[PDB]
Structure formats: C-alpha cells, structure tokens
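Starting from 1, each residue takes its place in the sequence as its number. Hydrogens, waters and symmetry mates are skipped; everything else that's a heavy atom, side chains included, is used.
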Amino acid sequence: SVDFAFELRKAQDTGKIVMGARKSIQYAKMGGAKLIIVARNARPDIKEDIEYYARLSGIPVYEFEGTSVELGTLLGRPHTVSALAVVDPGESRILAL
C-alpha cells in the first residue's frame with residue numbers, strides 16, 4: 001500500500017519537484033510534470049487553473065487531504081505550499097497516487 005507522506009518525501013529528496021501554484025501552472029501548460037499535487041485548502045482559482053491546464057496536458061492532479069501549511073511541513077518548508085509539480089518521481093512510487 002502507498003503512503004502519501006513517505007512517497008512525497010522520497011520524490012522530493014530523490015527526484016525533482018517544484019513548489020508553488022504559479023510554477024505548477026506553468027509546468028502544466030508546457031506538459032512538463034508527471035503529477036501535480038494540490039492542497040485541500042488551496043485557493044479555488046489555483047485548483048481550477050491547475051486543473052484546467054493539467055487536464056488539457058494529460059497530467060493527473062492529486063488532492064492532498066490536508067492544508068497548505070501541512071503540505072509545507074511535510075516538505076520541510078516554513079511557508080505554506082498550496083500546489084507542487086512532480087517533474088521526476090525519482091526513486092518514489094508517488095505516481096501510483
């Protein structure tokens with residue numbers, strides 16, 4: 001079974017993820033990510049805007065059922081993270097989400 005927290009840290013420390021709504025949206029437009037993850041309390045424009053382009057680009061979107069503050073903590077960051085793009089899963093199974 002897939003554990004979200006464990007696979008995300010593994011992606012972060014062994015693959016390549018980029019954090020932020022604006023960069024995620026940019027990656028979605030370019031077809032440049034294998035998965036986007038958004039926080040449950042990310043702003044609706046961020047959700048909808050990411051979903052708009054990720055759907056068109058064929059990039060799955062996964063909703064993290066926690067807050068952007070929690071998402072930042074998981075990623076060892078002091079600020080909230082409302083969305084991130086997985087460019088390379090690395091050694092993780094995060095794409096199994």
Engineer: Given side chains that start at C-beta, do those of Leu8 and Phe64 come closer than 4.5 Å, heavy atoms only?
Structural biologist: no

Engineer: When rounded to the nearest 0.5 angstrom, what distance separates OH in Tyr53 from CD in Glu48?
Structural biologist: 13.0 Å

Engineer: So which of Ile50, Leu84, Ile17 actually passes side chain to side chain contact (heavy atoms under 4.5 Å, CB included) with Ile37?
Structural biologist: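 The passing option is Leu84.
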
Engineer: For residues 89-97, please give each side-chain donor-acceptor pair under 3.5 Å, one per line with the distance, not counting sequence neighbours.
Structural biologist:
residue	atom	partner	partner atom	Å
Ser92	OG	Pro89	O	2.7
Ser92	OG	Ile94	N	3.2
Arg93	NH2	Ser1	O	3.4

Engineer: Is any side-chain heavy atom of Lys47 closer than 4.5 Å to one of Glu51?
Structural biologist: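 Yes, at least one pair of side-chain atoms sits under 4.5 Å.
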
Engineer: Please identify each residue that fulfils ring pair (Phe, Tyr, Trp, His ring centres under 6.0 Å) with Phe6, with sequence neighbours left out.
Structural biologist: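 Here no residue qualifies.
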
Engineer: Might you point out which heavy atoms bring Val81 and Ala39 nearest each other, and give the distance in Å?
Structural biologist: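 Shortest heavy-atom separation between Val81 and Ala39 comes out as O-CB, 4.2 Å.
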
Engineer: Write down the atom of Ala83, the atom of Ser24, and the distance for their closest heavy-atom approach.
Structural biologist: C-OG, 3.8 Å

Engineer: So, do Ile36 and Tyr62 sit near enough that their side-chain heavy atoms are less than 4.5 Å apart?
Structural biologist: no

Engineer: Which pair of non-hydrogen atoms, one from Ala28 and one from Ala54, has the smallest distance, and what is that distance?
Structural biologist: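 Nearest heavy atoms, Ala28 then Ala54: CB-N, 3.8 Å.
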
Engineer: What's the verdict on side-chain contact (heavy atoms from CB on, under 4.5 Å) for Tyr52 and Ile25, showing C-alpha distance, side-chain angles and the deciding distance?
Structural biologist: CA-CA 9 Å; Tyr52 179 74; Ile25 282 170; over 6 Å; no

Engineer: Taking the side chain as everything from C-beta on, heavy atoms only, tell me whether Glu7 gets closer than 4.5 Å to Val2.
Structural biologist: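 A side-chain contact under 4.5 Å exists here.
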
Engineer: Please give me the minimum heavy-atom distance between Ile59 and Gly32, naming the atom from each residue.
Structural biologist: CD1-N, 4.3 Å

Engineer: Closest heavy-atom contact between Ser57 and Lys29?
Structural biologist: OG-O, 4.1 Å

Engineer: With no hydrogens and no angle check, is any side-chain donor or acceptor of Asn41 less than 3.5 Å from a backbone partner on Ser68?
Structural biologist: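 Indeed, once roles are kept as given, a pair shorter than 3.5 Å links the two residues.
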
Engineer: Among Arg9, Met19, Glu70, which residue meets the side chain to side chain contact (heavy atoms under 4.5 Å, CB included) test with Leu75?
Structural biologist: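 Testing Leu75 for a side chain to side chain contact (heavy atoms under 4.5 Å, CB included) against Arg9, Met19, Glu70 leaves exactly one candidate, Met19.
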
